[PDB]
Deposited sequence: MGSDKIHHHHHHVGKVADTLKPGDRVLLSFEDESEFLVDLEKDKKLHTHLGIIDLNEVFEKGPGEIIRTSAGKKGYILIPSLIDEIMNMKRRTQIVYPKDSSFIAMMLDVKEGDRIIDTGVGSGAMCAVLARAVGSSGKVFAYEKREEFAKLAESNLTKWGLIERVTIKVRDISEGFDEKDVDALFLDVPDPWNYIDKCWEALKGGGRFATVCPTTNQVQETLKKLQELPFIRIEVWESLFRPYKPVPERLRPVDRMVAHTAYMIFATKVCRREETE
């Protein structure tokens, strides 16, 4: 039988659902009355979904068995319908390294699709705020749309502002920087951070890491660290457990630093 369960997860018109099938295909869709999805596994009648609930079965016209799920933020970030993102394996780590916590004031720039922005927004809680600087109007509006859909827009002030003139905010708890040329903005980042505030940026190349580190070392920053991660999945076969054949080899070099007031008395 249909369980009432968690009421906030009740499926209604306009909700996002994730339909997951035996061959591991997944479809992220907006629920709307009288919509049909045409897939390689057959037709899915979304009207049926309104009479079901998360964790329940849905069958295609061809009898293929799928399950109705509530998408996670990761699901949304990955099924991003497509631009460049900070991937979840990195964003989660970066948010913890930045110690983002309830009530924090955080600067994020640029914003892009809002994927990293969303992670930071979850972490600041209802009482914190992300000041998200994005001079590219098209991305400001994409992020606004995504963050709204993801239930996080109330926690993010999107500012269509060029950061060359500096940030408006002072004494922010942490700052994440993701721009093509981070070395050109490190001074402004330093100025915005509280004493003991935390800085992170991502660089795609080793050349960029080198240049960014040089700039950090010119300013009052300590505890400078550079990290990369490799995540490897395994075939979930109890009798034949082994890594998958191919993996992602690289997303980004992550650089962290802590602001101090001065180098010397």
Seminar exercise, completed: No C-alpha coords for deposited residues 1-9, 91, 276-277
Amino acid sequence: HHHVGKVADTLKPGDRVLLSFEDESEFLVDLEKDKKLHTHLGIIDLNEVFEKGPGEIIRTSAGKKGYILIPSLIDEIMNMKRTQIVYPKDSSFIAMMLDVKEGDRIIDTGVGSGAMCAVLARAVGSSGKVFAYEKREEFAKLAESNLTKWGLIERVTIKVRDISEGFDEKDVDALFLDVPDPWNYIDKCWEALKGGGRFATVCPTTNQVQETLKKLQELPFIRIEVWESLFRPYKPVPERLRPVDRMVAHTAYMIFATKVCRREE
From here on, numbers count along this sequence of modelled residues.
For this session: Higher average CA B factor in the deposited record is what I'm after, so tell me if that's 93-101 or 160-168.
Result: 160-168
Exercise. Looking at the entry, does 182-190 or 82-90 show the higher mean C-alpha B-factor?
Worked result: 82-90
Exercise. Highest Cα B-factor in the PDB entry belongs to which of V226, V202, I68, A62?
Worked result: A62
Seminar exercise, completed: For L241, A257, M254, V244, the deposited C-alpha B-factor is largest at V244
Seminar exercise, completed: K149: CA B-factor among chain residues, third -> highest
Exercise. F50's Cα B-factor: lowest, middle or highest third of the chain?
Worked result: middle
Exercise. What third of its chain's C-alpha B-factors does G196 belong to: lowest, middle or highest?
Worked result: lowest
Exercise. If you rank the chain by CA B-factor, which third does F27 end up in: lowest, middle or highest?
Worked result: highest
For this session: Select lowest, middle or highest to describe the third in which the CA B-factor of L230 falls within its chain in this entry.
Result: middle
